[PDB]
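Source file: protein_10.cif (mmCIF, C-alpha atoms and all ligand atoms)
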```cif
data_my_file
loop_
_atom_site.group_PDB
_atom_site.id
_atom_site.type_symbol
_atom_site.label_atom_id
_atom_site.label_comp_id
_atom_site.auth_asym_id
_atom_site.auth_seq_id
_atom_site.Cartn_x
_atom_site.Cartn_y
_atom_site.Cartn_z
ATOM 1 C CA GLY A 1 113.994 114.138 91.261
ATOM 2 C CA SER A 2 112.662 113.290 87.777
ATOM 3 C CA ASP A 3 111.073 116.417 86.215
ATOM 4 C CA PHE A 4 111.385 118.348 82.918
ATOM 5 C CA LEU A 5 110.361 121.736 84.475
ATOM 6 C CA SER A 6 108.032 124.612 83.553
ATOM 7 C CA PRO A 7 106.607 127.736 85.342
ATOM 8 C CA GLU A 8 103.287 127.016 83.521
ATOM 9 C CA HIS A 9 100.633 124.427 82.557
ATOM 10 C CA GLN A 10 98.569 121.562 83.981
ATOM 11 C CA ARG A 11 97.683 118.240 82.258
ATOM 12 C CA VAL A 12 93.905 118.878 81.966
ATOM 13 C CA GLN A 13 91.722 116.504 79.828
ATOM 14 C CA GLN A 14 91.577 119.322 77.162
ATOM 15 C CA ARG A 15 93.286 122.565 75.960
ATOM 16 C CA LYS A 16 91.738 125.829 74.568
ATOM 17 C CA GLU A 17 94.692 128.344 74.738
ATOM 18 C CA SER A 18 97.929 126.252 74.563
HETATM 19 N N1 LIG B 101 108.206 117.725 87.780
HETATM 20 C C1 LIG B 101 106.804 118.074 87.528
HETATM 21 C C2 LIG B 101 106.362 119.358 88.267
HETATM 22 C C3 LIG B 101 106.911 120.674 87.661
HETATM 23 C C4 LIG B 101 106.568 120.905 86.167
HETATM 24 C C5 LIG B 101 105.062 120.812 85.817
HETATM 25 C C6 LIG B 101 104.154 121.857 86.506
HETATM 26 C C7 LIG B 101 104.635 123.299 86.262
HETATM 27 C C8 LIG B 101 103.574 124.364 86.571
#
```
How does this structure look as structure tokens?
Ligand SMILES: *NCCCCCCCC
Amino acid sequence: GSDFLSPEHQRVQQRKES
């Protein structure tokens, strides 16, 4: 179904690497 795709990442409230 509807998806952009990636083998990585998670929509956390913050980022400190990406
Ligand atoms: N269609 C959303 C799920 C797949 C992409 C986002 C998570 C990838 C680790």
(Q) Rounded to one decimal, what separation in Å do you get between atom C5 of ligand LIG 101 (chain B) and CA of residue 14 (chain A)? (A)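 Between atom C5 of ligand LIG 101 (chain B) and CA of residue 14 (chain A) the gap works out to 16.1 Å.
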(Q) If the limit is 9 Å from any atom of ligand LIG 101 (chain B), counting all atoms listed in the file, which residues qualify? Return them as number ranges by chain. (A) A: 1-11
Once 8 Å is added on each side, what centre and edge lengths in Å to one decimal does the axis-aligned box around all listed atoms of region 9-18 of chain A have, as lines of an AutoDock Vina configuration file?
```
center_x = 96.1
center_y = 122.4
center_z = 79.3
size_x = 25.1
size_y = 27.8
size_z = 25.4
```
Since the input lacks some atoms of chain A, please model N, CA and C atoms and print them as a PDB file, keeping the file's coordinate frame.
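Below is the file that was written, selection.pdb:
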```pdb
ATOM      1  N   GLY A   1     114.130 115.445  91.922  1.00  0.00           N
ATOM      2  CA  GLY A   1     113.994 114.138  91.261  1.00  0.00           C
ATOM      3  C   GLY A   1     113.616 114.305  89.808  1.00  0.00           C
ATOM      4  N   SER A   2     113.028 113.277  89.200  1.00  0.00           N
ATOM      5  CA  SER A   2     112.662 113.290  87.777  1.00  0.00           C
ATOM      6  C   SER A   2     111.566 114.321  87.476  1.00  0.00           C
ATOM      7  N   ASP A   3     111.892 115.279  86.611  1.00  0.00           N
ATOM      8  CA  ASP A   3     111.073 116.417  86.215  1.00  0.00           C
ATOM      9  C   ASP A   3     111.795 117.160  85.081  1.00  0.00           C
ATOM     10  N   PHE A   4     111.003 117.611  84.115  1.00  0.00           N
ATOM     11  CA  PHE A   4     111.385 118.348  82.918  1.00  0.00           C
ATOM     12  C   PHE A   4     111.426 119.865  83.124  1.00  0.00           C
ATOM     13  N   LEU A   5     110.532 120.368  83.984  1.00  0.00           N
ATOM     14  CA  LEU A   5     110.361 121.736  84.475  1.00  0.00           C
ATOM     15  C   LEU A   5     109.574 122.649  83.538  1.00  0.00           C
ATOM     16  N   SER A   6     108.812 123.540  84.162  1.00  0.00           N
ATOM     17  CA  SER A   6     108.032 124.612  83.553  1.00  0.00           C
ATOM     18  C   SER A   6     107.466 125.520  84.657  1.00  0.00           C
ATOM     19  N   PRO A   7     107.340 126.845  84.446  1.00  0.00           N
ATOM     20  CA  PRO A   7     106.607 127.736  85.342  1.00  0.00           C
ATOM     21  C   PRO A   7     105.113 127.837  85.005  1.00  0.00           C
ATOM     22  N   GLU A   8     104.637 126.999  84.084  1.00  0.00           N
ATOM     23  CA  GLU A   8     103.287 127.016  83.521  1.00  0.00           C
ATOM     24  C   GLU A   8     102.759 125.612  83.225  1.00  0.00           C
ATOM     25  N   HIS A   9     101.429 125.529  83.108  1.00  0.00           N
ATOM     26  CA  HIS A   9     100.633 124.427  82.557  1.00  0.00           C
ATOM     27  C   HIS A   9     100.263 123.318  83.546  1.00  0.00           C
ATOM     28  N   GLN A  10      99.177 122.629  83.212  1.00  0.00           N
ATOM     29  CA  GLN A  10      98.569 121.562  83.981  1.00  0.00           C
ATOM     30  C   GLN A  10      97.951 120.579  82.985  1.00  0.00           C
ATOM     31  N   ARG A  11      98.143 119.276  83.191  1.00  0.00           N
ATOM     32  CA  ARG A  11      97.683 118.240  82.258  1.00  0.00           C
ATOM     33  C   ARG A  11      96.191 117.958  82.485  1.00  0.00           C
ATOM     34  N   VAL A  12      95.377 118.902  82.025  1.00  0.00           N
ATOM     35  CA  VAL A  12      93.905 118.878  81.966  1.00  0.00           C
ATOM     36  C   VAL A  12      93.467 117.936  80.827  1.00  0.00           C
ATOM     37  N   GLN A  13      92.244 117.394  80.876  1.00  0.00           N
ATOM     38  CA  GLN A  13      91.722 116.504  79.828  1.00  0.00           C
ATOM     39  C   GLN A  13      91.596 117.189  78.449  1.00  0.00           C
ATOM     40  N   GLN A  14      91.705 118.517  78.376  1.00  0.00           N
ATOM     41  CA  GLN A  14      91.577 119.322  77.162  1.00  0.00           C
ATOM     42  C   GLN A  14      92.432 120.590  77.235  1.00  0.00           C
ATOM     43  N   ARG A  15      92.612 121.263  76.089  1.00  0.00           N
ATOM     44  CA  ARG A  15      93.286 122.565  75.960  1.00  0.00           C
ATOM     45  C   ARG A  15      92.524 123.482  74.996  1.00  0.00           C
ATOM     46  N   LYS A  16      92.438 124.772  75.327  1.00  0.00           N
ATOM     47  CA  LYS A  16      91.738 125.829  74.568  1.00  0.00           C
ATOM     48  C   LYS A  16      92.439 127.195  74.750  1.00  0.00           C
ATOM     49  N   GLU A  17      93.757 127.224  74.540  1.00  0.00           N
ATOM     50  CA  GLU A  17      94.692 128.344  74.738  1.00  0.00           C
ATOM     51  C   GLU A  17      96.132 127.931  74.396  1.00  0.00           C
ATOM     52  N   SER A  18      96.577 126.754  74.834  1.00  0.00           N
ATOM     53  CA  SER A  18      97.929 126.252  74.563  1.00  0.00           C
ATOM     54  C   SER A  18      97.988 125.516  73.220  1.00  0.00           C
TER      55      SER A  18
END
```
